[PDB]
């Protein structure tokens, strides 16, 4: 089968304007208007407001294309819109072909008869989603309560696009994925899947083929499964009748090289190569498809305090270190593989087991799931429903089930995908008071019947789980299932309160923090708006009372500041500490609490929000805290009623021997505690390592600390405790003494020592890839923390600045 793809440039105009302007085909209306200069950068200042009219208008896209006489020879031609932003009417040579209800799925159309030779005309009328949805809600028996934007629920589109806590109202339409014209003769591989049927010292496997035959024809399927070198090969023959045929073909892989997530093994991926072909030897459809071999179990077994909730890949239980993933741009077609690659490798090296693809953005581009596959980053896939009362009439349930079929059928092969999730927050929402005392949980049947059944039907390999918080009697309970901890941010509770949360799996929690100055500067329109509570700063904070929350949190541990640059450093470290102090505690429980998923990995535009990496892909400082908090092997401190209580954590398949040091030094002076001999941390477990009573501690002159050494020279982790908020600590300004070695042409090695306790030193260098940063430096220790700068020159990396809570600097 041959593919003429209609990607490239199209012409487009408002439903009723005269001019046809130029447009790009994986596109948005907004993009094309930006490119033609017709509307300002919505991401800048208060331009969101300027551009609300786009949303309200209907739109027409049109391409003219040239088709051969050769090409019409193909006995069937179907037109395939890989993705399309919701509501559309699509005409070919001035004749209808179908509506589209849906952004999240492919739409395919039979056109052989309507096609003519030479020039052709494809016309796509894109309806204002605002207008279309508010009609659909007006027509509906009841009124349904969303959030910001209620009628959102009545259509199948990216729920964030109408505005969120961290997104803006850029409700874009557009042909948001490839448009292919496909021509084929006799038959076509329709789907291919390679489920592991059951596993052991040897691996049993099926190959599930859908095939759509038009004539009743003899066919040969021939395949080769390959790891590095081809492990297996086979040919088979069928004589099948016209229609959709399905086959499960068993086969065996001896000594299977088994997929594991990062840190618990290797990311072995088999490749399947399969050619459908004719009786005459002529190939009809090929398909490469990659897959892994792995068990997944969602261990849900009762105990004292409630019920477990733990992932078990290949029978090893992994604590899920992670973060919630959200669309990387408000206009989706600008995200390039470059971008996904950068955010995901940054996750990898921060030490991330898992990403929850949050059910309010989208089902991702294949590039996302195929990197997650390679990098060992398991994913928690939500079905795209979030924080609202959805419709639940038959007409709708069919649309939903139709999409669920497609989505699963697409993503099934990715060994990274570890769970299917029904929704975000709805069961919690109805069970709590938000959206009222209604008897009908509006949407329940989607979560209860529709989805579990389509999941059970098409994918035995993975657990379905009906809701993003679904912890027992009160869906957010700490006894059963997973938990969303918004006590801390949204309720205002001090972030130390994460210590009193013992939920079986924290799938959501976070703290806000404004981006790096560079990023800030790109969206503020003036230097007069560069102050913490400016119109443009609060306007770029879509959380109801976000800035005053940030300012609250800063004011827990710190002296308030009116200085913009101080505020940024201070607020961003608070973010680190909130995340740190939570992440550390959940890990200290280990399998009582078998998971921590940070509430924001990325941003979809330049905004003050929970994200640990901003829209322009510039690491918040909290990223380095999160790397630290995820260190595969780690020591944490944790109070208990006037007695401190250190911990030891292995996220590794092998027991660890190594020395710890306690202490309780002053900010100058020298320790008041016991250096320890060898300690063991057993494989894949948290262990209590030490106690240390403190019934006469000088809270404002002293601080308890811990350092962890592996069997070699090396510092592998450290940690500290303070007994009073930083602002009251009689903490002398330190002086730090750094120097810079060069290990390989662009790799460097940074050496630091400090007199007194210096805190959160901030290594600034325009394009560096720091292995660690925003660091505490203790008296009596010298630190060798490596980096690189594949940008700057050998003498110019000594134009490196650095700052901290308490400083003077030297060399």
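Numbering follows the first chain given and starts at 1.
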71 to 79 versus 527 to 535 - which carries the larger mean C-alpha B factor in the record = 71 to 79
note = Quick note on 599 to 607 and 115 to 123: per-entry mean CA temperature factor is higher in 115 to 123
query = Highest Cα B-factor in the deposition, which of 409, 182, 244, 559?
reply = 182
Among 160, 291, 368, 428 - the residue whose C-alpha B-factor is largest in the record = 428
ask   = With respect to C-alpha B-factor, does residue 492 fall in the lowest, middle or highest third of the chain as deposited?
value = lowest
task = Report the third (lowest, middle or highest) to which the CA temperature factor of residue 741 belongs, ranking only the modelled residues of the same chain.
result = highest
request  = Going by the recorded CA B-factors, say which third of the chain residue 486 sits in, lowest, middle or highest.
outcome  = lowest
request  = Comparing against every modelled residue in the chain, figure out the third that the C-alpha B-factor of residue 152 lands in (lowest, middle or highest).
outcome  = middle
inquiry  = Lowest, middle or highest third: which one holds residue 142 when the chain's residues are ordered by CA B-factor from the entry?
reply    = highest
